[PDB]
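What follows is a single structure, written as structure tokens, with notes after it.
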Ligand SMILES: *[C@@H]1O[C@H](CO)[C@@H](O)[C@H](O)[C@H]1NC(C)=O
Ligand SMILES: *[C@@H]1O[C@H](CO)[C@@H](O)[C@H](O)[C@H]1NC(C)=O
Ligand SMILES: *[C@@H]1O[C@H](CO)[C@@H](O)[C@H](O)[C@H]1NC(C)=O
Ligand SMILES: *[C@@H]1O[C@H](CO)[C@@H](O)[C@H](O)[C@H]1NC(C)=O
Ligand SMILES: *[C@@H]1O[C@H](CO)[C@@H](O)[C@H](O)[C@H]1NC(C)=O
Ligand SMILES: [Ca+2]
Ligand SMILES: [Ca+2]
Ligand SMILES: [Ca+2]
Ligand SMILES: [Ca+2]
């Protein structure tokens, strides 16, 4: 059921373009084997892999919430004592800037 | 040979006195009150009777310090343990006698910490009486209950339900929010402080509840009761080994039988006596995994907690860590590990030991989404180690009785001249608060209470909904 | 440097990390090395009765390997094949000699054909480890700090402090052996003093003296040239250690075995080279290069051609295919 | 405990009784004696039924009468294996200010030494009686309000009657019923760290205090990790089924795995620890038959036989010498021999024919005619028949 995020309302656009079935098989395989005690990236990463392939075909997605693979970005703007908070996770942001 | 130093004088065993308590019974500050053995003395050089040894120095006076946590304290120096100060006048610690505010807890899915302090294991699936007042020969004011479902084995399942029964009301909670099924009469004492990660919840002068939104139930009782309650948290008497006094009024040795005595539905399934072992189901015959989980729970003994380890034993909290996350599968949201640590970290905070143990690669806890509803990110909601819980708002401008010093979670931080209101997520200037001041005196922001029941002739009522400077007419009984 | 070296060479002889030899004829397992404050791992060496059998690595609490004299290996109790790479421990053969690498955990163990435990250990553990191979400090004498921590003059009771027993067997204090050499002295010390002596005389060994001292090496041999009957070869074990011990220091020697009349044992097709590369270009290999910048290791290897194929040297023409 | 009882019944704990009336057990609260226990390597029990461990090596104060000074007990502790986490008892010193201000010492044998003097058992002085129990274990008995147990291999026990309610101080706590206060330093304040508590009760300054009480000595001996599991896996096995509902096994299991990995020889360390739990089960009513040829059945000599629950009253030959004396003893466990045979001094047991007499203590042979002018006395069969 947890790997069925790969077939969820948020991915419906990308499901029509990219088959999720290959990416699902990896999901179930890894996280069974993985124990996922602490940092549960052995599940979060498999989804992020699919989400990027969706992005390459122009389908940006926001699937990441606070109760699922949170990915904060405070540290930076935190270390920035003067919290001019700028390090805002720009979702799928142009990797190649100046 | 060596002629010993001037401040002390050499001794000689007399041939007659068997009680040649000389060098062997060297009295230091530790072993003065302690009584010593001695066969004979030695050819040592011992301090005079009016003084003792003190770390390679014969300290003259009997002023030598008063140790605690293996640390020096000069006479007159004080220490703060709990809600008591305590000075060492001469050589023993001299403490106050203000009994402090005890605290139940549900650390993880199925564990329970008593008031007097007794961790015990009890996997249940029925509804149970956590604590109440209706106990033996009492009026029976409050009847806090708890009910879990699918929670014999900890996992992503086990969403708790809690129904709290005070002043003839029925307010309950689960699934993130709280619900009033029956409002209680005296609304004045009612209070809800949704601050940070918690739901702080007062009910009276000597009762308060805290809820992590996930599983934990930390009710706080004051000095009032002192053995007026019973349930799963024990009796709150100070005696620590009489918290297992079952509902049939006898101590039991095995807690799995105990909590069975405290189920509400007397016909549901009572739990099963599990065979005892050091490994839960998953960690059973999975020694590989069993080490990886072990090392992971050693954050509870890490460089960042070294301050708190000296105050609070981590050993109780460790046992829960290993137990839950073996049983838990922790596929998606791995809170069945993150929460156990957060529980310990808050107890550390209650003793004044704020801690920042939470990183980006371990239980991240972002706070970006509250800084989203506005198109421009003002960025005021910042997660924070342990920010205070009891502040002033448009809804609660007054200061409240504050059982908890500080709390974890997302905390809206913005410059002054602006007060937080939760409906409009950001902080806002004070005047924008729907605040009420009718006929001059300072009070809350228009609480929905009918003041002044007592005297009919003085029935001069003045409600305030949000802003109105109104006063309503009392209906005459005649 | 950045490394260490222990050696259990010949019979009952030991070489610690810091130039301190002795003899010990144990009876059961004994801790070779590992942490002393905390142990991520532990290397143990089982002795049947004085003579050695098995090196083993207990990796914390959950994993174990038992490689032994014969050459076969197991994991727990289930005999596994070889090579074997589980849990970050690559169990391989190099130069016809068996290796156990724990680079993640900062050690390399191996055994030769004759049976000579060796432990290369990372400088991460300085004045840190404590076991049968002594501490990786500098002091080449204090390196007897017992399991309690006691500088003991005796090289014998010390090693008996680092005993570890199991449920299958509980072991006792072994005894030092009673030497039969004391009565069967005869000519055996006159004619055979020279093979110990040649560590000092011969020019090929006459240049590690500014690096090491043969004086313990010649000392430890003279007590073991007396039990074996009719052989000059009895000197080359104590000698063969001296070659490597100088080689580890950063100064290698060459061709010394040519005239020593003793070569270390190796299977057919190979004999003892000196400083062969570990990346032996075998038969079924990919032709890539300049990744194997590893240091150079001694051991036996094939002739110039005669590529390796499954533990034997076979001519390059007859490289098979696999499917 | 998960089983039903009709109304009116009166089940009884070791401490007192309780009676079913209207689904509610009524109970007294009258006090009952407590026990501070030492065993294993360093596993302690308080009076208030606390468990812990403190592997300190010094002359620590075990217990003491603390408002007056009727007595005082002093453990002496030693490292006890190659491992650093193996600290067992050597000896304990007892001190009676009530008699001579003497000094008794219990020795790692079954030996005792009073004031440096080695002493035969029994030792009837006025108050304190020191005699063997199974002829392999010493028992002191000062007055009626105090007992001890063998400190040979370090299994020290005590029996403090409720007259000492709350007026003791030492490692073993207050004897106040409160388990939580028990880490109370002599300076009068509860310490949360065990590493602070025990080192505060040493008697010698030169003794290094420790810094960490390790929980897993099995780490330093990974060989025994496997064995340590199955070995006390029998503790939770249904072999001990009958006293899981009498005492919590879970610490006694915890105390096993610390000991088996720590001591030199895990054979007896195991089988001493299992007896530790059986002894506590028996102290509440439940005996267990847990001995096997594999699970450490002792070897009673040929004169004796193993026995589970028996009467140490009619065993010794002394008993025929002093038959009139009471034997208000339990149904104990040990090496007896059949009832036709009575125990002789030389390790054999014999019929009562040649069972000597101990008149005035004097070991009369079985046929000894014996008399002043004025008395007339002989030894018949173990009893000494005097007349006048
Ligand atoms: C930044 O993130 C926001 C919110 O997801 C998105 O609307 C915007 O297009 C992003 N801009 C860039 C430059 O990536
Ligand atoms: C404790 O301090 C108070 C106030 O100074 C004093 O009256 C009392 O005698 C002290 N008690 C003890 C036990 O030292
Ligand atoms: C976080 O909260 C703590 C406790 O209230 C406070 O001491 C600290 O200054 C805060 N830090 C930030 C970055 O807001
Ligand atoms: C030789 O190998 C066999 C089979 O694996 C094993 O049973 C035996 O212990 C080994 N003996 C020696 C001396 O290594
Ligand atoms: C050796 O280690 C000990 C214990 O950690 C330390 O006190 C000492 O300074 C070290 N000495 C050297 C020479 O490194
Ligand atoms: Ca485009
Ligand atoms: Ca209580
Ligand atoms: Ca050294
Ligand atoms: Ca107490």
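Only the coordinates and a few stated rules stand behind these numbers; no lab work does. When we count neighbours, we look across all protein chains shown, and the Cβ atoms used for this are built from the backbone with ideal geometry, even at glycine.
Given R₀ = 41 Å, what would the calculated FRET efficiency be for residue D:78 paired with residue D:10, taking r from the Cβ atoms and rounding to 0.05? Each step should come with its number before you reach the end.
On the way: r = 48 Å, r/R0 = 1.16.
Rounded to the nearest 0.05, the efficiency is 0.30.
Can you list the residues of region C:93-122 with backbone N under 18 Å from a point 7 Å past the Cα of residue C:322, pointing along Cα to Cβ? Flagged as within label range: C:93-96. Indicate, rounded to the nearest 5 percent, the antiparallel portion of the DSSP beta bridges found entirely in chain B. Around 95 percent antiparallel, to the nearest 5. Remark: the residue C:185-residue C:232 segment gains 15.4 nm on full extension, using 0.36 nm per residue and subtracting the alpha carbon distance.
So what does the Cα-only Debye profile of region B:91-170 read at q = 0.27 Å⁻¹, as log10 I(q)/I(0), no solvent term? At q = 0.27 Å⁻¹ the computed log10 ratios are -1.30. When chain C is treated as a Gaussian network with alpha carbon springs shorter than 10 Å, the biggest mean-square fluctuation among C:310, C:103, C:172 belongs to C:310.
What list do you get for C:139, C:9 if you sort them by fewest beta carbons within 10 Å?
Values: C:139 14, C:9 25.
Listing C:139, C:9 from fewest to most nearby Cβ atoms yields C:139, C:9.
Counts of other chain beta carbons within 10 angstrom of each beta carbon in peptide D:151-163 average 0. Across region B:86-226, the mean sequence separation of Cα contacts (distance under 8 Å, 6 or more residues apart), normalised by length, yields a relative contact order of 18 percent.
Extension gain for residue C:223 to residue C:284 (0.36 nm times residue separation, less C-alpha to C-alpha distance): 17.2 nm. If you take the Cα centroid of region B:367-401 and the Cα centroid of region D:79-132, the two points sit 68 Å apart.
Model label points for residue A:33 and residue D:362, set 7 angstrom from Cα along the Cα-to-Cβ axis, are 9.1 nm apart.
Between 0 and 90 degrees, the angle of helix B:287-297 with respect to the longest Cα principal axis of chain B falls at about 80 degrees.
How big is D, in µm² s⁻¹, for region C:1-132 by Stokes-Einstein at 10 °C and 1.306 mPa s if Rh is the Kirkwood radius over C-alpha pairs? Intermediate values should be presented prior to the final figure.
Values: Rh = 14.9 Å.
This corresponds to a translational diffusion coefficient of 107 µm²/s.
What does the C-alpha gyration tensor say about the overall shape of region D:43-199? Classify as rounded when a/c is under 1.5, otherwise prolate if a/b is larger than b/c, or oblate. Judged from the Cα gyration tensor, region D:43-199 comes out oblate (a/c at least 1.5, b/c at or above a/b).
Take every Cα pair under 8 Å in region C:3-130 that's 6+ residues apart, average their separations, divide by the length, and report that relative contact order as a whole percent. Write down the numbers at each step before the final one.
Numbers: 263 pairs, mean separation 28.3, N = 128.
With pairs under 8 Å counted, the relative contact order is 22 percent.
With n ≥ 4 as the cut-off for DSSP H runs, can you work out [θ] at 222 nm for chain B, using -39500 (n - 2.57) per run divided by the number of residues, rounded to the nearest 500? The partial results should precede the final answer.
Numbers: 5 runs with 50 residues, N = 478.
When only DSSP H runs of four or more count, the value is -3000 deg cm²/dmol.
Put simply, region C:140-295 fits an ellipsoid with semi-axes of 33, 26, 19 Å; these come from the alpha carbon gyration tensor as the roots of five times its eigenvalues, largest first.
Mean projected area of the Cα convex hull of chain D, taken over all directions, amounts to 24.1 nm².
Counting Cβ atoms of other protein chains within 10 Å of each residue's Cβ and taking the mean over peptide B:85-94 gives 2.
Can you give the translational diffusion coefficient of region B:219-284 in µm²/s, computed by Stokes-Einstein from the Kirkwood radius over Cα pairs at 20 °C and 1.002 mPa s?
Working: Rh = 14.0 Å.
It diffuses with D of about 153 µm²/s by this estimate.
Going by Cα centres, region C:225-299 and region A:53-80 are how many Å apart? Rounded to whole Å, the Cα centres lie 57 Å apart.
Here residue B:155 and residue A:90 are evaluated by their C-beta separation; at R0 = 30 Å the FRET efficiency comes out at 0.25. With the convex hull drawn around the C-alpha atoms of region B:136-179, the volume per residue stands at 75 Å³.
Ordered by the number of other Cβ atoms lying within 10 Å of each residue's own Cβ, fewest first, C:228, C:171 fall into the sequence C:228, C:171.
Label-point separation (nm) for residue B:418 and residue C:178, each offset 7 Å from Cα along Cα-to-Cβ? Spacing of the two 7 Å Cα→Cβ label points: 9.4 nm.
Placing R0 at 25 angstrom, the Cβ-Cβ distance between residue B:452 and residue B:205 gives a FRET efficiency of 0.75 after rounding to 0.05.
Counts of other chain beta carbons within 10 angstrom of each beta carbon in peptide D:23-32 average 2.
Shown for B:357, A:87, B:262: other C-beta atoms within 10 Å of each C-beta, ranked fewest to most, produce the order A:87, B:357, B:262.
Sorting B:72-82, C:282-292 by average packing, meaning the other beta carbons within 10 Å per residue, from highest down gives B:72-82, C:282-292. Taken as Cα centroids, region C:114-137 and region B:88-156 sit 52 Å apart, rounded to the nearest whole angstrom.
The C-alpha radius of gyration of region C:131-178, expressed as a fraction of 2.2 N^0.38 Å, stands at 1.28.
Taking the C-alpha atoms only, the angle from helix B:335-350 to the longest principal axis of chain B is near 70 degrees.
Annotation: for a label point projected 7 angstrom from Cα along Cα→Cβ of residue B:466, residues of region B:417-437 with backbone N closer than 19 Å are B:419-437. The largest-to-smallest principal axis extents of the Cα set in region B:375-452 are 42, 33, 19 Å.
The relative contact order of region D:98-153 comes to 29 percent, based on Cα pairs under 8 Å that sit 6 or more residues apart.
For chain A, what mean projected area does the convex hull of the alpha carbons give, in nm²?
8.0
Figure legend: label point modelled 7 angstrom from the Cα of residue C:296 along Cα→Cβ; residues of region C:239-262 with amide N under 12 Å from it are C:251-255. Note on chain B: Cα-only Rg and Dmax are 29.2, 108 Å. Computed from the Cα positions only, the extents of the protein assembly as shown along the three principal axes stand at 134, 120, 73 Å, in decreasing order. Taking a ≥ b ≥ c as the square roots of the eigenvalues of the alpha carbon gyration tensor, chain C is oblate, as a/c is not under 1.5 and a/b does not beat b/c.
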